[PDB]
Every structure is written in structure tokens, then in C-alpha cells.
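Inspection log for the structure reproduced underneath, given as C-alpha cells.
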Amino acid sequence: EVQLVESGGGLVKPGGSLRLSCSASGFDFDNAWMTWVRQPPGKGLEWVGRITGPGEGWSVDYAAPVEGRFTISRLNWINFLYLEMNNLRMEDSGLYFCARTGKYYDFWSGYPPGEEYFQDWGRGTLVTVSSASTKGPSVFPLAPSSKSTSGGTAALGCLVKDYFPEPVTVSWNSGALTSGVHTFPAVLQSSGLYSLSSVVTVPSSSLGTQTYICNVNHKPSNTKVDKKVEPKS
Amino acid sequence: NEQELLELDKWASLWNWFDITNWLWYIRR
Amino acid sequence: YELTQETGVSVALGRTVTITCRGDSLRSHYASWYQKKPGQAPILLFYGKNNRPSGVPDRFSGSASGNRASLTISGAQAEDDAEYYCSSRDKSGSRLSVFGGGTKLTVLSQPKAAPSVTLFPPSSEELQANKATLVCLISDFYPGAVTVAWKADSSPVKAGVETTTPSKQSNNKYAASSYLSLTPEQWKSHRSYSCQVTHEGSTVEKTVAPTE
């Protein structure tokens with residue numbers, strides 16, 4: 001019966017600004033404490049800031065890596081919570097929640113100013129930040145080595161570095177090599193560029209008799225790459 | 001009036017959660 | 001930076017398990033606990049000394065002792081496979097709030113598997129481009145939750161690390177990878193670099209050096 005709908009999120013270049021909205025219904029908003037919590041991609045929840053209630057003068061406290069750029073405000077006449085953001089950066093991208101903040105203080109064993117819990121949560125609104133334009137991948141070989149090889153088997157891949165955006169398809173020897181092949185998911189570099197790595201395991205008695213090549217393909221830039229890999233020296 | 005202003009400051013403390021938590025902890029001991 | 005948690009904890013269906021939060025502020029403040037399934041809003045589980053919100057099953061129990069908090073599930077169910085975050089004051093006496101690393105609770109559908117670690121040094125080509133990248137690959141492990149860390153000589157490395165989320169393989173096992181970006185001067189200055197992985201108490205560490 002308690003409903004919180006976040007909106008006002010989307011794509012923006014770094015240095016830009018944004019204003020998030022969060023409706024409220026099913027509870028007395030005019031006095032509730034409210035909190036903004038964000039979840040970066042793949043990472044956990046991170047407390048942003050919280051605006052208190054009338055007994056506290058509508059005072060606000062902000063997270064350290066955030067204080068100075070953001071400002072929280074509230075319109076109790078319409079039950080709306082606002083988060084203005086300035087000088088946005090890539091780090092700031094992520095899901096943004098508004099949460100009804102409750103308060104706890106165990107009189108006998110508590111310590112001021114007590115704790116705060118987050119009763120209800122909205123589905124949240126996704127923010128995204130990029131200064132990225134399409135880029136082609138820069139392939140790099142992941143050479144084996146006598147120190148690297150474990151048993152008669154040897155492990156070898158490619159490094160698709162600094163490209164943008166997804167997706168990227170990889171094969172080895174033009175698909176003729178499927179046994180022992182596994183292509184990893186892509187990491188999203190804080191710089192705003194994707195990178196991933198393919199890899200295949202093979203006999204070490206085959207390095208001479210066989211030549212190994214990874215077939216990268218980046219349609220988003222009309223780019224294809226073939227990279228030969230060879231033992232170290 | 002000068003003295004009455006002071007009692008107004010106390011009036012808020014007891015309705016300021018943050019000031020409260022320091023009132024209660026003051027009583028605990 | 002303030003509160004710590006386990007990253008990858010598991011338990012079998014119907015057994016018992018406990019995940020813990022840790023931080024010098026827990027010596028003075030309670031902690032809240034939240035469940036988070038991907039694509040679903042967080043849910044408050046437990047807070048204060050003893051407060052379970054309505055609609056929560058009774059099998060969830062919290063507890064506090066010293067600078068540690070702890071959540072407990074008795075007779076874990078399948079629907080409890082999720083992520084759990086603790087939350088408290090960043091410091092004793094602060095007005096703020098903070099979360100922990102979070103913990104993935106794997107409801108075991110598979111026998112546990114140990115990750116195979118592989119570490120590559122910067123390639124000859126990438127150095128000529130005046131760059132230095134280290135790739136630490138992880139494969140064939142369950143539950144799909146590890147903890148990676150990079151070390152230069154003895155000292156750990158803070159900046160320059162990125163690591164993917166674990167992903168299934170062709171054989172239902174999980175895989176993930178961590179990268180370390182360096183400058184050709186750093187790579188040639190230190191004696192060695194090391195990639196530590198941690199999975200269910202176990203911890204592997206592969207090492208490489210500029211030489212050879």
C-alpha cells in the first residue's frame with residue numbers, strides 16, 4: 001500500500017546535471033525522513049544522503065564522495081522528493097532509490113544519534129553517464145610460457161582492450177576451434193570503455209604444429225580483427 | 001524577552017531527534 | 001571502507017547459516033539488514049536489537065556481539081538465495097549511514113568447486129604502446145562468488161583494478177576476471193605483482209615478474 005516511484009533518470013554527459021523525482025503515497029509523507037540510495041553497476045548499495053523532518057528543521061546530511069555537487073529537497077505539499085545533481089561524473093551512474101527512513105534508539109543499550117533503517121523502497125530510476133563515442137577494439141595476445149604451462153596443456157587467449165559499445169563476438173581459427181574455448185564477459189572500465197578476454201586451452205606439444213588466431217568482430221564500428229598468438233621469447 | 005528566547009531553544013531540543021538521543025543517553029547514566 | 005561483510009556464503013536447503021557484518025561503529029550502534037534480489041527492490045529484514053518487520057518469515061534472526069553484527073537463517077529455503085546488505089552508522093556518533101560489501105547467499109544446487117587461477121603479464125606489444133595491463137582469469141568454481149585483490153611485492157594495490165561479475169560457463173560452473181592497469185614504469189619498478197582470489201575460506205595467489 002506504500003508506493004514510491006522514482007523518475008527523472010536517463011543519459012547525460014559528464015559535467016552535466018539532473019533532477020530526480022520520487023512520489024509518495026500510503027503513509028504520512030510530510031513528516032517522514034527520506035533517503036537516497038544508489039547501486040552502481042555490479043556493486044552494492046551506497047547511501048547517498050538523507051533529509052530529515054520538521055523536528056530537525058529539514059536538515060540534510062550527504063555522503064562524503066558526493067557532498068558538494070548534490071542537493072536534496074522535498075515538496076510536502078505534493079509529497080515529492082527531489083535530488084538535484086551537478087558536475088556529474090561516470091562514477092555517479094547507477095540505480096537510484098528513494099527509501100522511507102525510519103529511526104531506532106534502544107534506550108538502555110543505544111548510543112546517539114542512534115541508527116536509521118529504510119522501511120520501504122521504490123523500484124528506482126536508472127541513471128547513466130558517458131563521454132563515450134564509438135571506438136574500435138585494440139587486440140593484444142596473452143602469450144603462454146614454460147612458467148605458465150601446467151601439464152602438457154597450455155592456456156592462451158586474446159585481450160580486446162578499449163572498445164565501445166557492446167557487443168563483441170570472438171572465435172578462434174575462424175570457428176574451427178570450439179573444444180576448450182571460453183570467452184569471458186566484458187569489464188566496464190571506469191574510463192567509459194569496455195574490455196574483455198577470450199581464451200583457449202590446448203596441448204603444449206601443438207604450439208609448433210598448430211597456429212592459433214582469435215577472430216574478433218565489432219559490428220558497432222564495422223571493425224574486424226584477426227590476431228596471431230605465438231610463444232614468448 | 002531576552003530570557004524567554006532561551007526557553008524557546010530548549011523547546012526545539014526536545015523535538016529534535018538528534019538532541020533527544022543526547023538527552024536519553026544523558027539519563028542512562 | 002567502514003563496514004565489512006563476507007562476499008560469498010552458501011548453505012544447503014534446510015540447513016542453517018549466518019553472515020556477519022563488521023566495523024568499529026557496530027561496537028556502539030545496531031545494524032539493519034536488507035535482502036536484494038536482482039531487478040527487485042531491497043527489503044528490510046531486521047533492525048535494532050530485535051525488530052523483524054511484518055511479512056518477514058520467522059526463520060530470520062539477527063544478533064550483535066562486540067564489533068560484529070550477524071544475520072541468521074534457520075532451515076534455509078530456496079527463495080532465500082539472494083544478496084544481503086548490513087547498514088549502520090559510518091562512525092560512532094555520526095549522523096550519516098553506510099552499507100557493507102554485501103553477501104551473495106548461494107542456495108547450493110551444485111557441489112562446491114574451487115577456482116582455477118591464471119595470471120598473464122603485460123604483452124610485448126602493449127609495452128611498445130607504453131602501457132601495462134595484468135589479466136587474472138578465474139574459472140570453474142561454485143558458488144559463483146569470489147574476492148580478488150592485487151598486490152605489488154608485499155604492498156596491496158588500491159587503484160587500477162576492475163573485475164567482472166561472475167558468469168556461468170558451458171558446464172554450469174562460474175567464471176570471472178580481474179584486470180590491473182599499470183604504466184610501463186610501475187611494471188618495471190617492482191619485483192613482482194600478485195593476484196589473490198578468495199573462495200570459501202580458500203585463497204589462491206598467482207605471481208609474475210618482469211623477468212621472462
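Chain labels A, B, ... are given in the sequence in which chains occur in the C-alpha cells; within each chain residues are numbered consecutively from 1, and ligands are likewise numbered from 1 in the order shown.
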
Practice problem: Please report as a VMD selection string which residues of chain C come no farther than 6 Å from chain A, using only C-alpha atoms. | Solution: chain C and resid 28 41 93 98 164

Just the selected residues (C-alpha atoms), exported as an mmCIF file, in the first residue's frame, please.
```cif
data_model
loop_
_atom_site.group_PDB
_atom_site.id
_atom_site.type_symbol
_atom_site.label_atom_id
_atom_site.label_comp_id
_atom_site.auth_asym_id
_atom_site.auth_seq_id
_atom_site.Cartn_x
_atom_site.Cartn_y
_atom_site.Cartn_z
ATOM 1 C CA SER C 28 28.158 1.425 19.530
ATOM 2 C CA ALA C 41 13.596 -3.520 -4.632
ATOM 3 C CA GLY C 93 28.369 9.258 16.890
ATOM 4 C CA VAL C 98 26.765 3.331 5.362
ATOM 5 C CA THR C 164 33.753 -8.569 -13.795
#
```

Quiz item: Near residue C:15, counting only C-alpha atoms, which residues have an atom at most 10 Å away, once you skip same-chain residues fewer than 6 positions from it, shown as a PyMOL selection string?
Solution: chain C and resi 73-77

Practice problem: From the DSSP assignment of the backbone, select every residue of stretch 1-198 of chain C that is strand (DSSP E or B), and format the answer as JSON, numbers by chain. | Solution: {"C": [3, 4, 5, 8, 9, 10, 11, 17, 18, 19, 20, 21, 22, 32, 33, 34, 35, 36, 43, 44, 45, 46, 47, 51, 60, 61, 62, 63, 64, 65, 68, 69, 70, 71, 72, 73, 83, 84, 85, 86, 87, 88, 98, 99, 100, 103, 104, 105, 106, 107, 113, 116, 117, 118, 119, 120, 132, 133, 134, 135, 136, 137, 138, 139, 140, 141, 142, 147, 148, 149, 150, 151, 152, 155, 156, 161, 162, 163, 167, 168, 174, 175, 176, 177, 178, 179, 180, 181, 182, 193, 194, 195, 196, 197, 198]}

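Closest approach to residue B:24 among A:101, A:2, A:107, A:33: A:107, based on only C-alpha atoms.
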
Self-check item: Within 10 Å of residue C:169 using only C-alpha atoms, minus same-chain residues under 4 positions, as a list in words
Solution: residues 182, 183 and 184 of chain A; 139, 140, 141, 173, 174, 175 and 176 of chain C

Can I get the selected residues back with N, CA, C and O atoms, as a tab-separated table (two decimals), in the first residue's frame?
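Saved as out-v2.tsv:
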```
chain	number	residue	atom	x	y	z
A	182	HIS	N	36.50	-20.61	-24.24
A	182	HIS	CA	35.55	-19.91	-23.38
A	182	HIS	C	35.88	-18.43	-23.41
A	182	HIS	O	37.00	-18.05	-23.09
A	183	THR	N	34.90	-17.61	-23.78
A	183	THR	CA	35.08	-16.17	-23.89
A	183	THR	C	34.44	-15.49	-22.69
A	183	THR	O	33.25	-15.68	-22.42
A	184	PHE	N	35.22	-14.67	-22.00
A	184	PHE	CA	34.75	-14.07	-20.75
A	184	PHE	C	33.81	-12.91	-21.01
A	184	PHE	O	33.80	-12.33	-22.10
C	139	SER	N	38.12	-19.38	-13.25
C	139	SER	CA	37.22	-20.26	-13.98
C	139	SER	C	36.96	-21.53	-13.18
C	139	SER	O	37.82	-21.99	-12.42
C	140	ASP	N	35.78	-22.11	-13.40
C	140	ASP	CA	35.39	-23.41	-12.87
C	140	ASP	C	35.29	-23.38	-11.34
C	140	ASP	O	36.08	-23.99	-10.61
C	141	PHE	N	34.27	-22.66	-10.86
C	141	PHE	CA	34.07	-22.55	-9.43
C	141	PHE	C	32.59	-22.38	-9.10
C	141	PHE	O	31.81	-21.88	-9.91
C	173	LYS	N	29.34	-24.13	-14.36
C	173	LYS	CA	30.26	-23.51	-13.42
C	173	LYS	C	30.43	-22.03	-13.76
C	173	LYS	O	30.08	-21.57	-14.85
C	174	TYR	N	30.97	-21.28	-12.80
C	174	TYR	CA	31.09	-19.84	-12.93
C	174	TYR	C	32.50	-19.42	-13.32
C	174	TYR	O	33.47	-20.15	-13.11
C	175	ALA	N	32.60	-18.22	-13.89
C	175	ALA	CA	33.87	-17.66	-14.32
C	175	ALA	C	33.84	-16.15	-14.09
C	175	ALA	O	32.77	-15.54	-14.07
C	176	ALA	N	35.03	-15.57	-13.91
C	176	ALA	CA	35.15	-14.12	-13.78
C	176	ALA	C	36.61	-13.74	-13.99
C	176	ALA	O	37.50	-14.60	-14.03
```

Practice problem: Give me the residues within 8 Å of residue C:104 as an NGL selection string, counting only C-alpha atoms and dropping any in the same chain fewer than 5 places off. | Solution: :C and (7-10 or 81-84 or 145)

Put those residues in a file: C-alpha atoms, as a PDB file, in the first residue's frame.
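Written out: result_34.pdb:
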```pdb
ATOM      1  CA  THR C   7      31.243 -11.873  -0.229  1.00  0.00           C
ATOM      2  CA  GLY C   8      30.308 -15.485  -0.975  1.00  0.00           C
ATOM      3  CA  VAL C   9      28.477 -17.626   1.573  1.00  0.00           C
ATOM      4  CA  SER C  10      26.490 -20.772   0.915  1.00  0.00           C
ATOM      5  CA  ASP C  81      19.096 -17.380  -2.471  1.00  0.00           C
ATOM      6  CA  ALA C  82      19.703 -13.615  -2.646  1.00  0.00           C
ATOM      7  CA  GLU C  83      22.041 -10.764  -1.667  1.00  0.00           C
ATOM      8  CA  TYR C  84      22.165  -9.372   1.873  1.00  0.00           C
ATOM      9  CA  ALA C 145      31.195 -15.540  -5.697  1.00  0.00           C
TER      10      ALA C 145
END
```

Considering only C-alpha atoms, tabulate each residue of chain B that lies at most 12 Å from chain C along with its nearest interatomic pair and the corresponding distance in Å to one decimal; arrange the rows by chain and ascending residue number and present them as CSV.
```
residue,atom,partner,partner_atom,distance
B:17,CA,C:95,CA,10.9
B:18,CA,C:95,CA,8.3
B:19,CA,C:95,CA,11.6
B:21,CA,C:93,CA,10.4
B:22,CA,C:93,CA,10.2
B:25,CA,C:93,CA,11.8
```

I need the chosen residues saved as a PDB file, in the first residue's frame, with C-alpha atoms.
```pdb
ATOM      1  CA  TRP B  17      15.659  13.686  17.391  1.00  0.00           C
ATOM      2  CA  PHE B  18      19.398  14.364  17.403  1.00  0.00           C
ATOM      3  CA  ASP B  19      19.130  16.410  20.601  1.00  0.00           C
ATOM      4  CA  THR B  21      19.262  10.926  21.611  1.00  0.00           C
ATOM      5  CA  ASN B  22      21.738  13.026  23.597  1.00  0.00           C
ATOM      6  CA  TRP B  25      21.984   8.922  26.757  1.00  0.00           C
TER       7      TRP B  25
END
```

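Take the candidates A:229, A:75, A:170, A:53 and check each one against chain B using only C-alpha atoms; the shortest distance goes to A:53.
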
Exercise. List the neighbours of residue A:134 out to 7 Å using only C-alpha atoms; skip same-chain residues closer than 2 positions along the sequence, and give me the result as a ChimeraX atom specification.
Key: /A:132,136,164-165,221

Dump of N, CA and C atoms for the selected residues, as a short mmCIF file (atom, residue, chain, number, x, y, z; two decimals), in the first residue's frame:
```cif
data_model
loop_
_atom_site.label_atom_id
_atom_site.label_comp_id
_atom_site.auth_asym_id
_atom_site.auth_seq_id
_atom_site.Cartn_x
_atom_site.Cartn_y
_atom_site.Cartn_z
N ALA A 132 31.42 8.70 -23.87
CA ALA A 132 31.94 7.74 -24.83
C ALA A 132 31.24 7.88 -26.18
N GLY A 136 36.84 1.45 -31.69
CA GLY A 136 37.21 0.11 -32.10
C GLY A 136 38.12 -0.55 -31.09
N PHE A 164 34.07 0.20 -27.55
CA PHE A 164 32.79 0.76 -27.12
C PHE A 164 31.87 0.97 -28.32
N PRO A 165 30.61 0.52 -28.23
CA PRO A 165 29.94 -0.23 -27.18
C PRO A 165 29.81 -1.72 -27.50
N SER A 221 31.32 -0.78 -34.89
CA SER A 221 32.24 0.12 -35.57
C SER A 221 32.66 -0.40 -36.94
#
```

Practice problem: Would you return as a PyMOL selection string the members of stretch 11-144 of chain C that DSSP assigns to alpha helix (DSSP H) on this structure's backbone? | Solution: chain C and resi 124-128

Exercise. Considering only C-alpha atoms, return as a list in words whatever protein or nucleic-acid residues lie within 8 Å of residue C:72, sequence-local ones (same chain, fewer than 3 positions apart) excluded.
Key: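 Here the qualifying residues turn out to be residues 16, 17, 18, 19, 59, 60, 61, 62 and 63 of chain C.
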
I need the chosen residues saved as a compact mmCIF listing (two decimals), in the first residue's frame, with N, CA, C and O atoms.
```txt
# COMPACT_ATOMS: atom_id res chain seq x y z
N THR C 16 21.33 -24.47 8.29
CA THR C 16 21.44 -23.17 8.94
C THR C 16 22.74 -22.49 8.51
O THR C 16 23.73 -23.15 8.21
N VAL C 17 22.71 -21.16 8.50
CA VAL C 17 23.85 -20.37 8.05
C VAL C 17 23.73 -18.98 8.66
O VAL C 17 22.64 -18.51 8.98
N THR C 18 24.88 -18.32 8.83
CA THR C 18 24.94 -16.97 9.39
C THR C 18 25.98 -16.16 8.63
O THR C 18 27.08 -16.64 8.37
N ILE C 19 25.62 -14.92 8.29
CA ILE C 19 26.52 -13.96 7.66
C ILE C 19 26.69 -12.78 8.59
O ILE C 19 25.74 -12.39 9.29
N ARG C 59 12.07 -17.39 10.33
CA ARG C 59 13.36 -18.07 10.29
C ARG C 59 14.54 -17.12 10.28
O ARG C 59 15.68 -17.57 10.48
N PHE C 60 14.32 -15.83 10.07
CA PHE C 60 15.40 -14.85 10.07
C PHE C 60 15.60 -14.30 11.48
O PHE C 60 14.66 -13.78 12.09
N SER C 61 16.83 -14.42 11.98
CA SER C 61 17.18 -13.91 13.29
C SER C 61 18.52 -13.18 13.22
O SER C 61 19.46 -13.66 12.59
N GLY C 62 18.58 -12.02 13.87
CA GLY C 62 19.79 -11.23 13.97
C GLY C 62 20.41 -11.35 15.35
O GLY C 62 19.83 -11.91 16.28
N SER C 63 21.62 -10.82 15.47
CA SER C 63 22.33 -10.84 16.75
C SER C 63 23.53 -9.92 16.65
O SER C 63 24.11 -9.75 15.57
```

Quiz prompt | Contacts of residue C:32 at 8 Å (only C-alpha atoms; same-chain gap of 3+ positions) as a PyMOL selection string | solution = (chain A and resi 116-117) or (chain C and resi 44-48+86-88)

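Nearest-residue note for residue C:11: choosing from C:150, C:142, C:179, C:193, the minimum distance belongs to C:142, counting only C-alpha atoms.
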
Quiz item: With distances taken over only C-alpha atoms, which of A:150, A:128, A:215, A:191 is nearest to residue A:171?
Solution: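 Of A:150, A:128, A:215, A:191, the one nearest residue A:171, counting only C-alpha atoms, is A:215.
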
Quiz item: Could you state the separation of atom CA of residue A:168 and atom CA of residue A:192 in Å, given to one decimal place?
Solution: 16.0 Å

Self-check item: From C:37, C:27, C:206, C:158, residue lying nearest residue C:136 [only C-alpha atoms]
Solution: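 Smallest distance to residue C:136 is found for C:206.
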
Exercise. Kindly indicate which residue among C:113, C:108, C:4, C:125 lies nearest to residue C:70, using only C-alpha atoms for the distances.
Key: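 Of C:113, C:108, C:4, C:125, the one nearest residue C:70, counting only C-alpha atoms, is C:4.
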
Quiz prompt | Coordinates-based distance that separates atom CA of residue C:30 from atom CA of residue C:52 (Å, one decimal) | solution =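 Separation of atom CA of residue C:52 and atom CA of residue C:30: 13.6 Å.
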